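File shown here: run.csv, holding CSV, C-alpha atoms and all ligand atoms.
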chain,number,residue,atom,x,y,z
K,299,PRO,CA,-152.5,142.5,156.3
K,300,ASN,CA,-153.4,143.7,159.7
K,301,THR,CA,-151.0,145.2,162.3
K,302,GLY,CA,-149.2,142.4,164.2
K,303,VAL,CA,-146.1,140.5,165.2
K,304,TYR,CA,-145.4,137.6,162.9
K,305,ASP,CA,-142.8,134.8,163.1
K,306,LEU,CA,-141.1,134.3,159.8
K,307,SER,CA,-138.6,131.5,159.0
K,308,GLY,CA,-135.5,133.3,157.5
K,309,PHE,CA,-132.9,131.0,155.9
K,310,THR,CA,-129.6,131.6,157.8
K,311,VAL,CA,-127.3,128.6,157.4
K,312,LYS,CA,-126.5,125.9,154.8
K,313,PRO,CA,-123.9,123.1,155.0
K,314,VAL,CA,-120.8,124.1,153.1
K,315,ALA,CA,-119.0,120.8,152.7
K,316,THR,CA,-118.7,117.3,154.2
K,317,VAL,CA,-116.2,115.4,156.4
K,318,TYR,CA,-115.9,111.6,155.9
K,319,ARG,CA,-114.0,109.2,158.2
K,320,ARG,CA,-114.1,105.4,158.0
K,321,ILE,CA,-111.8,102.8,159.5
K,322,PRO,CA,-110.6,100.2,156.9
K,323,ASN,CA,-111.4,96.5,157.3
K,324,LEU,CA,-108.7,95.2,155.0
K,325,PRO,CA,-105.1,96.1,154.6
K,326,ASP,CA,-103.0,98.1,152.1
K,327,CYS,CA,-101.7,95.9,149.3
K,328,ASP,CA,-98.5,97.9,148.8
K,329,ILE,CA,-98.1,97.3,145.1
K,330,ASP,CA,-95.3,99.8,145.0
K,331,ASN,CA,-93.3,98.0,147.6
K,332,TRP,CA,-93.2,95.1,145.1
K,333,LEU,CA,-92.8,97.2,141.9
K,334,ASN,CA,-89.7,98.8,143.4
K,335,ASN,CA,-88.1,95.5,144.2
K,336,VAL,CA,-84.4,95.1,143.5
K,337,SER,CA,-84.2,91.7,141.8
K,338,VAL,CA,-86.0,92.3,138.5
K,339,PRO,CA,-86.7,89.2,136.4
K,340,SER,CA,-85.9,89.0,132.7
K,341,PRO,CA,-88.5,88.2,130.0
K,342,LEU,CA,-88.0,84.4,130.2
K,343,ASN,CA,-89.0,84.0,133.9
K,344,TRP,CA,-91.2,87.0,134.7
K,345,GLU,CA,-92.9,87.0,138.1
K,346,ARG,CA,-96.5,87.5,139.1
K,347,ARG,CA,-98.1,88.3,142.4
K,348,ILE,CA,-101.8,88.3,143.1
K,349,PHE,CA,-102.8,91.3,145.2
K,350,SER,CA,-106.2,90.4,146.6
K,351,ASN,CA,-108.2,91.4,149.7
K,352,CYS,CA,-106.7,94.7,150.4
K,353,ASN,CA,-107.1,98.4,149.6
K,354,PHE,CA,-105.2,100.5,147.1
K,355,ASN,CA,-105.4,103.6,145.0
K,356,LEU,CA,-103.6,105.0,142.0
K,357,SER,CA,-102.1,108.4,142.8
K,358,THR,CA,-99.7,107.3,145.5
K,359,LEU,CA,-98.8,104.4,143.2
K,360,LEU,CA,-98.1,106.3,140.0
K,361,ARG,CA,-96.2,109.0,141.8
K,362,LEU,CA,-94.2,106.6,143.9
K,363,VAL,CA,-92.9,104.6,140.9
K,364,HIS,CA,-91.4,106.7,138.2
K,365,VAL,CA,-94.1,106.1,135.5
K,366,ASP,CA,-93.4,106.9,131.8
K,367,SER,CA,-96.8,105.7,130.5
K,368,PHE,CA,-100.0,104.2,131.6
K,369,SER,CA,-102.4,103.1,128.9
K,370,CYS,CA,-105.4,100.9,129.4
K,371,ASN,CA,-107.6,98.6,127.4
K,372,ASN,CA,-111.2,97.4,127.9
K,373,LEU,CA,-111.3,100.0,130.6
K,374,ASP,CA,-111.5,103.7,131.2
K,375,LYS,CA,-108.8,105.2,133.4
K,376,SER,CA,-111.2,106.8,135.8
K,377,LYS,CA,-113.2,103.6,136.2
K,378,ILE,CA,-110.4,102.3,138.4
K,379,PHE,CA,-110.9,105.0,141.0
K,380,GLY,CA,-114.4,104.0,142.0
K,381,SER,CA,-114.9,100.4,141.6
K,382,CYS,CA,-114.1,97.3,143.7
K,383,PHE,CA,-112.5,94.4,141.8
K,384,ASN,CA,-111.9,90.9,142.9
K,385,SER,CA,-108.1,90.6,142.5
K,386,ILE,CA,-105.2,92.2,140.6
K,387,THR,CA,-102.3,90.3,139.1
K,388,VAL,CA,-99.2,92.3,138.4
K,389,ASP,CA,-96.6,90.7,136.1
K,390,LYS,CA,-93.4,92.5,135.7
K,391,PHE,CA,-90.1,92.0,133.9
K,392,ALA,CA,-87.3,94.1,132.4
K,393,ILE,CA,-87.1,95.2,128.8
K,394,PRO,CA,-84.4,94.5,126.2
K,395,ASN,CA,-83.8,97.7,124.4
K,396,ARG,CA,-84.0,97.0,120.7
K,397,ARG,CA,-87.0,94.7,121.1
L,150,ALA,CA,-114.2,86.8,158.5
L,151,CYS,CA,-113.8,84.9,155.2
L,152,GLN,CA,-115.3,82.1,153.1
L,153,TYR,CA,-113.4,79.2,154.6
L,154,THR,CA,-113.4,75.7,153.2
L,155,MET,CA,-113.7,74.1,156.6
L,156,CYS,CA,-112.6,70.5,157.1
L,157,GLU,CA,-114.6,67.7,158.7
L,158,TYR,CA,-112.6,67.2,162.0
L,159,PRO,CA,-111.1,70.6,162.6
L,160,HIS,CA,-108.4,71.0,165.3
L,161,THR,CA,-105.2,73.0,166.1
L,162,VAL,CA,-101.8,72.2,167.6
L,163,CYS,CA,-99.7,74.2,170.0
L,164,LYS,CA,-96.5,75.8,168.7
L,165,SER,CA,-94.2,75.5,171.7
L,166,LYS,CA,-94.1,71.7,171.8
L,167,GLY,CA,-95.2,70.2,168.4
L,168,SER,CA,-97.6,67.3,168.5
L,169,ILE,CA,-98.0,64.3,166.2
L,170,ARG,CA,-100.6,65.8,163.9
L,171,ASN,CA,-100.8,69.2,162.1
L,172,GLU,CA,-103.2,72.1,162.1
L,173,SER,CA,-106.0,71.0,159.8
L,174,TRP,CA,-109.2,73.1,159.8
L,175,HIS,CA,-109.0,74.3,156.2
L,176,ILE,CA,-107.4,73.2,153.0
L,177,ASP,CA,-107.9,76.6,151.3
L,178,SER,CA,-104.8,77.5,149.3
L,179,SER,CA,-107.0,79.7,147.0
L,180,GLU,CA,-107.1,83.0,149.1
L,181,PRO,CA,-111.0,83.1,149.3
L,182,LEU,CA,-113.3,86.1,149.6
L,183,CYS,CA,-112.7,87.7,153.0
L,184,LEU,CA,-115.1,90.4,154.3
L,185,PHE,CA,-112.7,91.1,157.2
L,186,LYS,CA,-109.1,90.6,158.2
L,187,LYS,CA,-107.2,92.0,161.2
L,188,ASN,CA,-104.6,91.4,163.9
L,189,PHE,CA,-104.5,92.6,167.6
L,190,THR,CA,-102.1,92.2,170.5
L,191,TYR,CA,-102.6,91.1,174.1
L,192,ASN,CA,-100.7,90.4,177.3
L,193,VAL,CA,-98.7,87.2,177.4
L,194,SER,CA,-98.6,87.3,181.3
L,195,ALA,CA,-102.4,87.7,181.8
L,196,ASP,CA,-104.5,85.3,183.9
L,197,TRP,CA,-107.8,85.5,182.0
L,198,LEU,CA,-109.2,86.8,178.7
L,199,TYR,CA,-112.8,87.9,178.2
K,401,LIG,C1,-88.5,91.1,146.1
K,401,LIG,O1,-89.0,89.8,145.7
K,401,LIG,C2,-88.4,88.7,146.3
K,401,LIG,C3,-89.0,87.5,145.8
K,401,LIG,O2,-88.3,86.9,144.7
K,401,LIG,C4,-88.4,88.8,147.9
K,401,LIG,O3,-87.5,87.8,148.3
K,401,LIG,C5,-87.8,87.1,149.6
K,401,LIG,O4,-86.8,87.6,150.6
K,401,LIG,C6,-87.0,87.0,151.9
K,401,LIG,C7,-86.0,87.6,152.8
K,401,LIG,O5,-86.1,87.2,154.1
K,401,LIG,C8,-86.8,85.5,151.7
K,401,LIG,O6,-86.9,84.8,153.0
K,401,LIG,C9,-87.8,84.9,150.7
K,401,LIG,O7,-87.6,83.5,150.6
K,401,LIG,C10,-87.7,85.6,149.4
K,401,LIG,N1,-88.7,85.1,148.5
K,401,LIG,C11,-88.5,84.3,147.5
K,401,LIG,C12,-89.7,83.9,146.6
K,401,LIG,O8,-87.3,83.9,147.2
K,401,LIG,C13,-88.0,90.2,148.4
K,401,LIG,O9,-88.3,90.3,149.7
K,401,LIG,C14,-88.7,91.3,147.6
K,401,LIG,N2,-88.3,92.6,148.1
K,401,LIG,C15,-89.0,93.3,149.0
K,401,LIG,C16,-88.4,94.6,149.3
K,401,LIG,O10,-90.0,92.8,149.5
K,402,LIG,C1,-101.4,88.2,161.7
K,402,LIG,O1,-100.3,87.5,162.4
K,402,LIG,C2,-99.9,86.3,161.9
K,402,LIG,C3,-98.9,85.7,162.8
K,402,LIG,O2,-98.0,86.7,163.2
K,402,LIG,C4,-99.4,86.4,160.4
K,402,LIG,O3,-99.2,85.2,159.9
K,402,LIG,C5,-97.8,85.1,159.3
K,402,LIG,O4,-97.8,85.7,158.0
K,402,LIG,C6,-96.5,85.7,157.4
K,402,LIG,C7,-96.6,86.4,156.1
K,402,LIG,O5,-97.7,85.9,155.3
K,402,LIG,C8,-96.0,84.2,157.2
K,402,LIG,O6,-94.7,84.2,156.7
K,402,LIG,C9,-96.0,83.5,158.6
K,402,LIG,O7,-95.7,82.2,158.5
K,402,LIG,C10,-97.4,83.7,159.3
K,402,LIG,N1,-97.4,83.1,160.6
K,402,LIG,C11,-98.3,82.2,161.0
K,402,LIG,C12,-98.1,81.7,162.4
K,402,LIG,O8,-99.2,81.8,160.3
K,402,LIG,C13,-100.5,87.1,159.6
K,402,LIG,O9,-100.0,87.4,158.3
K,402,LIG,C14,-101.0,88.4,160.3
K,402,LIG,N2,-102.1,89.0,159.5
K,402,LIG,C15,-102.1,90.3,159.1
K,402,LIG,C16,-103.3,90.7,158.4
K,402,LIG,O10,-101.1,91.1,159.3
K,403,LIG,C1,-97.9,66.2,159.4
K,403,LIG,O1,-97.4,66.9,158.2
K,403,LIG,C2,-96.0,66.5,157.8
K,403,LIG,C3,-95.7,67.4,156.6
K,403,LIG,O2,-96.7,67.3,155.7
K,403,LIG,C4,-96.0,65.0,157.6
K,403,LIG,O3,-94.6,64.7,157.3
K,403,LIG,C5,-96.5,64.2,158.8
K,403,LIG,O4,-96.5,62.8,158.5
K,403,LIG,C6,-97.9,64.7,159.2
K,403,LIG,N1,-98.3,64.0,160.4
K,403,LIG,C7,-99.2,63.0,160.4
K,403,LIG,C8,-99.5,62.4,161.7
K,403,LIG,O5,-99.7,62.7,159.3
K,404,LIG,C1,-99.7,93.1,181.3
K,404,LIG,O1,-98.6,93.8,180.6
K,404,LIG,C2,-98.0,94.8,181.4
K,404,LIG,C3,-96.9,95.5,180.6
K,404,LIG,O2,-97.3,95.6,179.3
K,404,LIG,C4,-97.4,94.2,182.7
K,404,LIG,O3,-96.9,95.2,183.6
K,404,LIG,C5,-98.5,93.3,183.4
K,404,LIG,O4,-97.8,92.6,184.5
K,404,LIG,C6,-99.2,92.4,182.5
K,404,LIG,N1,-100.3,91.7,183.2
K,404,LIG,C7,-100.2,90.7,184.0
K,404,LIG,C8,-101.4,90.2,184.6
K,404,LIG,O5,-99.1,90.1,184.2
Would you write the structure of this file as C-alpha cells?
Ligand SMILES: *[C@@H]1O[C@H](CO)[C@@H](O[C@@H]2O[C@H](CO)[C@@H](O)[C@H](O)[C@H]2NC(C)=O)[C@H](O)[C@H]1NC(C)=O
Ligand SMILES: *[C@@H]1O[C@H](CO)[C@@H](O[C@@H]2O[C@H](CO)[C@@H](O)[C@H](O)[C@H]2NC(C)=O)[C@H](O)[C@H]1NC(C)=O
Ligand SMILES: *[C@@H]1O[C@H](CO)[C@@H](O)[C@H](O)[C@H]1NC(C)=O
Ligand SMILES: *[C@@H]1O[C@H](CO)[C@@H](O)[C@H](O)[C@H]1NC(C)=O
Amino acid sequence: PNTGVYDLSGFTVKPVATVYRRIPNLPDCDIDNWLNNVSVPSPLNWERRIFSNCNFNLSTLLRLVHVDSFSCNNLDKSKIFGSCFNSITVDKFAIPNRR
Amino acid sequence: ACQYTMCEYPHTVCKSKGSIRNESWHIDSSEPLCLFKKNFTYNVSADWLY
C-alpha cells in the first residue's frame, strides 16, 4: 500500500453480562406460609389449597421448609423452574409412622 | 384485569350503610384467569380523584 493515514476499526469493548429488572404483575403465593402451618390435618381429613394466579419459585420454598425428599413424576425437576402452569394444588397431611 | 363472568344488570352497594340488594356484577367462584391484579391506596379526605 501507499503512504497514508488510514482509519481502522479496532475492537475495544464487549458487553460482559446483563442486568434484568421487571416489576411483577401478580403476587407471591407464599406456599411455605401454608406448609409451615400449625394445625396439621391427619390422613382422614387432609386439606388442600389451590394456589393460582401468583408467582413462586422453588429454592426459597425447599430451603424454608425442612425438606427430606423431593421426587417427581411425569416431570423433570428443572422443568418447574422455567415454565408457567395454570394452578397448583398442594394437599398435606401428617404421617403415621409404621404405615 | 381478569376473565370475569359478568352479570346482566351489574351494580354495587355502599358498605357504610347497607342497602336492600347485594353486590352482583359477577358470579365467578371459580378464580378465573387474571392477567393482572393489584391494590393501591389513596386519601380518604380528598375532594377529587383523577
Ligand atoms: C392455617 O390454616 C388454617 C385453616 O384451617 C388458618 O385458619 C384460619 O384462621 C383465621 C384466624 O383469624 C380464621 O379467621 C379462619 O376462619 C381460619 N380458617 C379456617 C378455614 O378455619 C390459619 O390462619 C393458617 N395459618 C396461617 C399461619 O395462615
Ligand atoms: C385488595 O384489597 C381488598 C380489600 O381490602 C382485599 O379483599 C379482601 O380479601 C380478604 C382475603 O381474601 C378477604 O377476607 C376480605 O373479605 C376481602 N375484602 C373485600 C372487601 O372484598 C383483596 O384481597 C386485596 N387484593 C390483594 C391482591 O391484596
Ligand atoms: C341479599 O343476600 C342475602 C344473603 O344471600 C339474602 O338473605 C337477601 O335476601 C338478599 N337480598 C335480596 C334483596 O335478595
Ligand atoms: C391527604 O392526606 C394527608 C395526609 O396523608 C393530609 O394531610 C391531607 O389533608 C389529605 N388531603 C386532603 C385534601 O384532605
Test item: residues no farther than 9 Å from ligand LIG 402 (chain K), counting only C-alpha atoms and all ligand atoms, as a PyMOL selection string: (chain K and resi 324-325) or (chain L and resi 164+186-189)
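Using all atoms listed in the file, the smallest distance between any of L:169, L:184, L:176, L:195 and residue 156 (chain L) comes from L:176.
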Check which residues of chain K sit at most 12 Å from chain L using all atoms listed in the file, and return one row each with the closest pair of atoms and their distance in Å to one decimal, ordered by chain and rising number, as a tab-separated table.
residue	atom	partner	partner_atom	distance
K:321	CA	L:187	CA	11.9
K:322	CA	L:185	CA	9.3
K:323	CA	L:185	CA	5.6
K:324	CA	L:186	CA	5.6
K:325	CA	L:186	CA	7.7
K:326	CA	L:186	CA	11.4
K:348	CA	L:180	CA	9.6
K:349	CA	L:180	CA	10.1
K:350	CA	L:180	CA	7.9
K:351	CA	L:183	CA	6.7
K:352	CA	L:186	CA	9.1
K:353	CA	L:186	CA	11.8
K:383	CA	L:182	CA	11.4
K:384	CA	L:182	CA	8.4
K:385	CA	L:182	CA	9.9
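Using only C-alpha atoms and all ligand atoms, residues with at least one atom at most 9 Å away from any atom of ligand LIG 401 (chain K) are residues 331, 332, 333, 334, 335, 336, 337, 338, 339 and 345 of chain K.
With all atoms listed in the file counted, the chains near ligand LIG 403 (chain K) contribute these residues within 10 Å: residues 168, 169, 170, 171, 172 and 173 of chain L.
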Dump as an mmCIF file, in the coordinates of the input, selection limited to C-alpha atoms:
data_model
loop_
_atom_site.group_PDB
_atom_site.id
_atom_site.type_symbol
_atom_site.label_atom_id
_atom_site.label_comp_id
_atom_site.auth_asym_id
_atom_site.auth_seq_id
_atom_site.Cartn_x
_atom_site.Cartn_y
_atom_site.Cartn_z
ATOM 1 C CA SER L 168 -97.600 67.300 168.500
ATOM 2 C CA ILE L 169 -98.000 64.300 166.200
ATOM 3 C CA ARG L 170 -100.600 65.800 163.900
ATOM 4 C CA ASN L 171 -100.800 69.200 162.100
ATOM 5 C CA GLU L 172 -103.200 72.100 162.100
ATOM 6 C CA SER L 173 -106.000 71.000 159.800
#
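The interatomic distance for the pair CA of residue 356 (chain K) and CA of residue 327 (chain K) works out to 11.8 Å.
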One decimal place gives the CA of residue 346 (chain K)-CA of residue 370 (chain K) separation as 18.8 Å
Compile a residue-level contact table for chain L against ligand LIG 404 (chain K) at a cut-off of 7 Å, reporting for every qualifying residue the shortest atom pair and its distance in Å to one decimal, with only C-alpha atoms and all ligand atoms counted, rows ordered by chain and ascending number, as CSV.
residue,atom,partner,partner_atom,distance
L:192,CA,K:LIG404,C1,4.9
L:194,CA,K:LIG404,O5,4.1
L:195,CA,K:LIG404,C8,3.9
L:196,CA,K:LIG404,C8,5.8
Atom pair CA of residue 393 (chain K) / CA of residue 376 (chain K): separation (Å): 27.6 Å
Could you give me, as a PyMOL selection string, the residues within 10 Å of residue 157 (chain L), counting only C-alpha atoms and dropping anything in the same chain fewer than 3 positions from it? chain L and resi 154+160+173-175
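Restricting the calculation to all atoms listed in the file, the smallest distance between residue 365 (chain K) and any of K:397, K:330, K:344, K:317 is found for K:330.
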Residues within 12 Å of (-112.4, 89.2, 173.7), file coords, all atoms listed in the file, listed as a PyMOL selection string: chain L and resi 189-191+197-199
